[PDB]
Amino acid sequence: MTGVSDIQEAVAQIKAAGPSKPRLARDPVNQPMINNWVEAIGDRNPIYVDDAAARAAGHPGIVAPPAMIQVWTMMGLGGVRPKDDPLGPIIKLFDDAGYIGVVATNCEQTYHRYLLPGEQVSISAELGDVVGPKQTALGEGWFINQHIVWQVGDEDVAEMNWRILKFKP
């Protein structure tokens, strides 16, 4: 509702709900989407496209680019986040408090292993540290961290900690 001590309380309330329930990627890791990605990115690394080559470097066969991990679980054209994604409530909270602007500031991804075509990924999201109010070039704002985990079944295969600044312009 009203003010900073109330924002801290609301953040705590969102966190208490726990992480979003795992959401399955539209498709398994698959070669056609790998092909689209390496084509556009211009990455000619043989291990993403040639079974034989994905063995001299020590993999079983073709592996997906680690940096594709977020691609598999993107919402897609006109997609809407599930209700239990903490991102929703947290943006809504800060917009209402007048911190209407947003920019991403940091994105850190960790890859526990490479993925193989056919493996299907799930994503879960949790709220991390929320820090503020702070004075920034874009104005007064709060830094919000979100912590993402990707799994193949019950195996933790990658994660992302990313941070946004919600601010008053």
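One-based numbering along the sequence shown.
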- Query: Mean CA B-factor: is it higher for 82 to 90 or for 68 to 76?
  - Reply: 82 to 90
- Note on the structure: As the entry reports it, the stretch among 34 to 42 and 117 to 125 with higher mean C-alpha B factor is 117 to 125
- Query: Taking the Cα B-factors listed in the entry, which of 144, 49, 29, 57 comes out highest?
  - Reply: 57
- Based on the entry's values, in what third of the chain does the Cα temperature factor of residue 159 lie: lowest, middle or highest? lowest
- Within-chain third of residue 11 by Cα B-factor, per the entry: middle
- Query: By its CA B factor, does residue 109 count among the lowest, middle or highest third of the modelled residues in the chain?
  - Reply: lowest
- The third of the chain into which the C-alpha temperature factor of residue 148 falls is the lowest
